[PDB]
Each structure stands twice: as structure tokens, then as C-alpha cells.
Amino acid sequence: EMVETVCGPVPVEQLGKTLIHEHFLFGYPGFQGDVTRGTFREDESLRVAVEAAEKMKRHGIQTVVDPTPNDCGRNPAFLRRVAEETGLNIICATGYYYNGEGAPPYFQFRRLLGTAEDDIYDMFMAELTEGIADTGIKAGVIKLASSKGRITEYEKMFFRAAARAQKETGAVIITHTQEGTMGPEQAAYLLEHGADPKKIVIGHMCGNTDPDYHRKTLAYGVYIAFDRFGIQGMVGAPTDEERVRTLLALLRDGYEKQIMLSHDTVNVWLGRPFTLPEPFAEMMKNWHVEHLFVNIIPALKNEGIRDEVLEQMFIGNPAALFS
């Protein structure tokens, strides 16, 4: 039925072609202290963000899920301005990053007060059923993240909170996996606490190339995402070549009703402008919102995937996920 976007509630029928994981705004926790050399280009950032939405709208996309966590400069009103100008639908999130690239100390401190997991739940409920700050916007998904090879104590507080929240709300859960680890464990641990696998998207699965690992995850009946198309050389991540050679294994075996695709782009960066060093800067030349529809998809056809199947992924699956 209905899904909360930044422009208030929307019928899931009208979601349409959907990218599951892209950032308009993103900054690594700590960017706020580099304000002096990295002040936020308020009205140019908006100009770039609308550039990316119009760039997405023209390949038939009607909906983006933006899972930018609360500590990476999530900005729902900004996003609201973008949708108001483009008509694109934008679903935002409620969540923190993970230990390795998040902001532990604050909730670490409350953990000592004994109230952290309640506070995270209370925050999740608030942002899902009341609205984010005074923006009036509710998050449409819960963002979760785990570390490499571990779901830390701190992360588990959020997983628990997240599972208990979803039971109270029916919110979709979207997750981050670190370097192709902890897919199954994530699914397992959320299902243990009463989350519903049909309302769960294990993310960054494209970060493992052994399809055995994906199947172990799909077996929970959760959705999985290859949401990092375009990112190469970094994090130890595999090439777009590996992804497709890993993606195709799961398509012929008819799992497409559990797979969705994205790029995990950052269209505007918070903090100090930077430019990638020259080894790095050519491997990730393809990391942009165009990448899938002009490259990844044609490649998929040449290896024989029905356009019907893809529609399950970009339209059916997301419509399914949110209902």
C-alpha cells in the first residue's frame, strides 16, 4: 500500500523503476569538523543533486532509496527539495553507520547509562512514525551495518532495535555488509528477533564472488543487493566483471525475485573536496548513476536475460519489498 517518502506518503504502485541504493549527500563521520575547508555548498549541491535525479529520471527511474545514515550527513529536507524540483521519489533512512566508518562514541556513552538500545529503538520509532527532526519527513527504511567478519556488540544493539522496530511498523530494513562478509549472519540474526525476511535487503552482496555465499543468504528468503556497481580497486572490492560473473549464477538458478541492483554513488560529497589518486581514479571512472542502464544492463542481455526478469528486479522486487 503506502510508503513514506520525503514528499509524504506514497502508493507503492507508483514507485515504479527503482534504484535501491544511491546517495545524493554523503560524508564520512568526522566531516563536520573539517568545516573551514569543507563548508557545504548549499545551493550548488542542490544543483548537482538535481542533475543526478534528472540523469536518473531519463532511464525510467521514478524512485530512489537514499540510505544515507544519520551520522553521514543525512539531510531529508535537502532531499525533499530535490524531489519537489524533479518529481522523483526519494525514500530516506534511519540508522547509523558501522564501527569502522561510523560514529560509535555517542551511543557508546549511553550504553554506559544503560539506555542505548531503548534510545535507538525510540529514535527508530520516532523517525518512522513521527518524522525526522522538524522536517516532517519520516524515514521509509531502516539502515543497518556490520563490520568485516563481525557483527559487533554495538552493531547488534541496532539490529535488535531495528528488528523490534520493523515488527512495530512494517518498515523495510536495508543493510550494509563490509567486504563481502556477514550476509547470512545478518539475515539469521534479524530473523531471530522477529524481522520478516521479505522486508529485508542484505546489501553489498556484490562484495563476495563465491555464489555459494549468496545462496546461503537467499535461503533466508531475504532480498539481496548488488548495489556497488562501479566501485573497483577499493575496500578490496571486486571488479564489475566479477559482479556480473557472480550475478549471472543466481539468475539462471532463478533467484531474480530476490535481487536488486544499484551503484551506491555519492553525488555530492560532504567535507573537504578531494580528487582520487591516479591509480584509483581510473578504476572507478564508471561510478555514476548512468553506469547500470548504459553498461551493466546491455552486458546482461548479451548473456541472455529477459527484459521481463530485469523488470522484476527494478520494478517488481521493490514494489514487492515495500508491500
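Residue positions are given as counts along the sequence shown, with the first one as 1.
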**Request:** Going by the average Cα B-factor in the PDB entry, point out whether 298-306 or 21-29 comes out higher.
**Result:** 298-306
**Item:** Residue stretch of maximal mean CA temperature factor, 222-230 vs 240-248
**Value:** 240-248
**Prompt:** Reading the B-factor column of the entry, which of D264, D34, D66, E54 has the highest value at its C-alpha atom?
**Reply:** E54
**Asked** Which has the highest CA B-factor per the PDB entry: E153, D210, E117, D71?
**Response** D210
**Asked** Which third of the chain does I61 land in by C-alpha B-factor: lowest, middle or highest?
**Response** middle
**Request:** Select lowest, middle or highest to describe the third in which the CA B-factor of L270 falls within its chain in this entry.
**Result:** lowest
**Asked** Mind checking which third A139 falls in for C-alpha B-factor across the chain?
**Response** lowest
**Request:** For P184, return the chain-relative third of its C-alpha B-factor as stated in the PDB record: lowest, middle or highest.
**Result:** lowest
**Request:** Could you look up the Cα B-factor of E168 in the entry and say which third of the chain it sits in: lowest, middle or highest?
**Result:** middle
